[PDB]
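Below you'll find the structure, written out as structure tokens, and then a few comments.
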Amino acid sequence: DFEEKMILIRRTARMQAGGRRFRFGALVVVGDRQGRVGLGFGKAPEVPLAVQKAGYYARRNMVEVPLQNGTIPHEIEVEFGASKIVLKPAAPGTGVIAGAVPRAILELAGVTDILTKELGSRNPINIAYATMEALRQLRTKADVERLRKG
Amino acid sequence: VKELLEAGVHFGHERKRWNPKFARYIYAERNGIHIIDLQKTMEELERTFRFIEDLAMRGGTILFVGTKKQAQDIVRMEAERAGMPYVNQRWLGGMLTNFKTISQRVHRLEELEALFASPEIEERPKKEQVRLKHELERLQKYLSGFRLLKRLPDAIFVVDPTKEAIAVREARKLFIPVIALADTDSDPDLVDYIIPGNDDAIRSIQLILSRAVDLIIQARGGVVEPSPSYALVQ
Amino acid sequence: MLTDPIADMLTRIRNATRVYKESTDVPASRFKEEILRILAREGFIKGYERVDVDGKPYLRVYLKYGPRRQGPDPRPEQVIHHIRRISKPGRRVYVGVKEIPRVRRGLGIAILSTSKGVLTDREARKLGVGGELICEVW
RNA sequence: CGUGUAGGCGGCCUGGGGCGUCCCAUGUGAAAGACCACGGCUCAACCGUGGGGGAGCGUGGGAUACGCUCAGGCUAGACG
RNA sequence: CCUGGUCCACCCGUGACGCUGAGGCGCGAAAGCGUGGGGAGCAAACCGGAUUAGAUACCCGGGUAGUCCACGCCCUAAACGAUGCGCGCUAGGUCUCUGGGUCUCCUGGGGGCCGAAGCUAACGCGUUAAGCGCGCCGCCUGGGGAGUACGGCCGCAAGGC
Ligand SMILES: [Mg+2]
Ligand SMILES: [Mg+2]
Ligand SMILES: [Mg+2]
Ligand SMILES: [Mg+2]
Ligand SMILES: [Mg+2]
Ligand SMILES: [Mg+2]
Ligand SMILES: [Mg+2]
Ligand SMILES: [Mg+2]
Ligand SMILES: [Mg+2]
Ligand SMILES: [Mg+2]
Ligand SMILES: [Mg+2]
Ligand SMILES: [Mg+2]
Ligand SMILES: [Mg+2]
Ligand SMILES: [Mg+2]
Ligand SMILES: [Mg+2]
Ligand SMILES: [Mg+2]
Ligand SMILES: [Mg+2]
Ligand SMILES: [Mg+2]
């Protein structure tokens, strides 16, 4: 049980002798707002159902977003697919400036001070997957020199 | 007493169909065959048991798997003889990953297990008799060792991992520590606890599966003579 | 014939780690040692020693990587996740002192040759100098 | 598709110069505008004072890793 | 007979003499052009015969340039790996061509298939990279208009840049 807010929903379609069957897609983000979030994509014969599955998957796949003042440890860039995403931390008291997808995700992740920017393909779905793998790649001075032991 | 046994007729296997990853566990190539270093195989057997033993003496269940004929039965024994689940037939997909659905078919095995000895058989036209019998037959046929614990095993032991890597994926995707008996036909890396050795000659499987099932019970009491192995063994 | 032996070196390493590996051997150089000295001294490797492969001096450079991981693809994290050269042989990239970059928010290193030896983002900022920003590592 | 002119690009070691490059000092970089403070008109816009910055470029001094140049050597590229 | 490139072995010689390359220069399939030979077969064009609503076509019987040679032009292409060249670096497996060795084996160049890692929009690529890097050249910037117009340069013309 977390925040749970859905990014986008879409109706797709497939062809078959006699007309077009359909299906609906739901992208959903999930967070407690402490540094826990998860992305979930769910497709099914109907709107209600799809959204449900979304949430279920969302929880299945969550990431430890390590804040450092309600912002972020370091600046990162990540390409997933044809879609590039830039993450730059802001000084406390700024706001979370981003487009639907990146914002969405980042709110529940409990950020409050972040500069973004979608580049390349601005496909929601892939910007999603993009942002995750960015957060998923966040390091603090700790876990850093934690690897520079020896 | 260890080095003598294995090196007796239980090492050196797959040749030139190898896998360069598994090379830190090789000595050389005799007659064309890859001959695996046992000296290191020991230092790994050690740690592999260091795990089994720190699990058997903490009461956690292990799932043995081998679906290749040269190592089917020899695992049907060792398992019952340790009271542990196993999969002798075709390791159905999604067993662990989809544990809530493969289990819905074990709750159907007994649904026929308790309509087996019953007064309801008096009726039911011969149609449903051949049917529910057969259904039972096969249900049984595949789930002989897959009832026991209705709960994700805290580990998994396996013969040839690359022969049944499907399983290893399920386990790995769930986070289930993996232990297995890989040769040069397999890739180390994706196995948490490694038993480098022969994996086709029914010899080496016995010598390793036995002492493993033995070290299982050595953390419970009941030290005995090994299990039924020789019958047509060569 | 190699144009920038350094960008090479670094690439040798970038490729080395990708599959993880005891060591990799850049051909020797009194500047490549220099550069390397700051990798180890800042903890990106175990180190390096001289060697040879038939009259030819090299540098055995012993890498460093993270702790084995859980779940699918259990390959370790990387000590060096990213190493890309700044100043290139086709565009020398010089920097005054107040211009010096701040790699990854202190988490990384900006090795860079100077009028008084190969320093770094912190090291030079202190000694108060600048020079050919050699590369960024993290 | 080749061959090659100019041009761009240049392997290992040692030293000389210090042209690029880096640092410090100083001249210059008007004022107005901008930007931080403070007040002046009832606030504000406008407006005053004060401070702080400005790349560049000249002058003097210094460093010598990398680039350049002159010099001495090597054989891993290249050629025979 | 004359001549180019290219790989191997010995570690002998010079001692960085290298890489790329705007312009230039050379080469450049087929068709096409000029001058002069040559002509069996094939064959644009063209003539016939069928088919066909028609059949300037597909199928059949003929047939001229051309296809060939010498010398000179033309300089285009699905000139295709639709993949510029050079160097270093990043698992192996399989068969194949051709070198060398105290030759069931190892090593060196070349040509194929499957494929780690990694790339990729995907298809696929993968030590013959579309991987990871440096150098240098060429090129792209929505479709049609249009490789057209004008100008310029080259060409006997066709036409080319
Ligand atoms: Mg891209
Ligand atoms: Mg030149
Ligand atoms: Mg002023
Ligand atoms: Mg000499
Ligand atoms: Mg050339
Ligand atoms: Mg012709
Ligand atoms: Mg003619
Ligand atoms: Mg005809
Ligand atoms: Mg004819
Ligand atoms: Mg021609
Ligand atoms: Mg072709
Ligand atoms: Mg080859
Ligand atoms: Mg392939
Ligand atoms: Mg190969
Ligand atoms: Mg237009
Ligand atoms: Mg056009
Ligand atoms: Mg044209
Ligand atoms: Mg014209």
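Labeling convention for the structure tokens: chains A, B, ... as they appear, residues from 1 per chain, ligands from 1 in order of appearance.
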
Inset, instruction - Dump the neighbourhood of ligand 4 as JSON, numbers by chain: all residues within 10 Å, distances computed on only C-alpha atoms (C1' of nucleotides) and all ligand atoms. - result: {"D": [73, 74, 75], "E": [13, 14, 15]}

Inset, instruction - Counting only C-alpha atoms (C1' of nucleotides), collect the residues of chain D whose closest atom lies at most 12 Å from chain C, and write them out as a PyMOL selection string. - result: chain D and resi 8-13+18+20-24+62-67+74-78

Inset, instruction - Please give me, as a VMD selection string, the residues lying within 12 Å of ligand 7 when counting only C-alpha atoms (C1' of nucleotides) and all ligand atoms. - result: chain E and resid 31 to 38 65 to 73

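Interatomic distance, atom CA of residue C:39 against atom CA of residue C:63: 10.0 Å.
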
Mind running chain B against chain C at 7 Å and telling me each contacting residue's nearest atom pair with the distance in Å (one decimal), counting only C-alpha atoms, chain and number ascending, as a Markdown table?
```
| residue | atom | partner | partner_atom | distance |
| --- | --- | --- | --- | --- |
| B:172 | CA | C:71 | CA | 5.3 |
| B:173 | CA | C:71 | CA | 5.6 |
| B:175 | CA | C:71 | CA | 5.2 |
| B:190 | CA | C:74 | CA | 6.5 |
```

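Residue-level contacts from chain B to chain E at 8 Å, counting only C-alpha atoms (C1' of nucleotides), read residues 17, 19, 20 and 21 of chain B.
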
Legend entry - Distance filter 6 Å, only C-alpha atoms (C1' of nucleotides), chain E against chain C, as a ChimeraX atom specification: /E:87,89-90,133-134
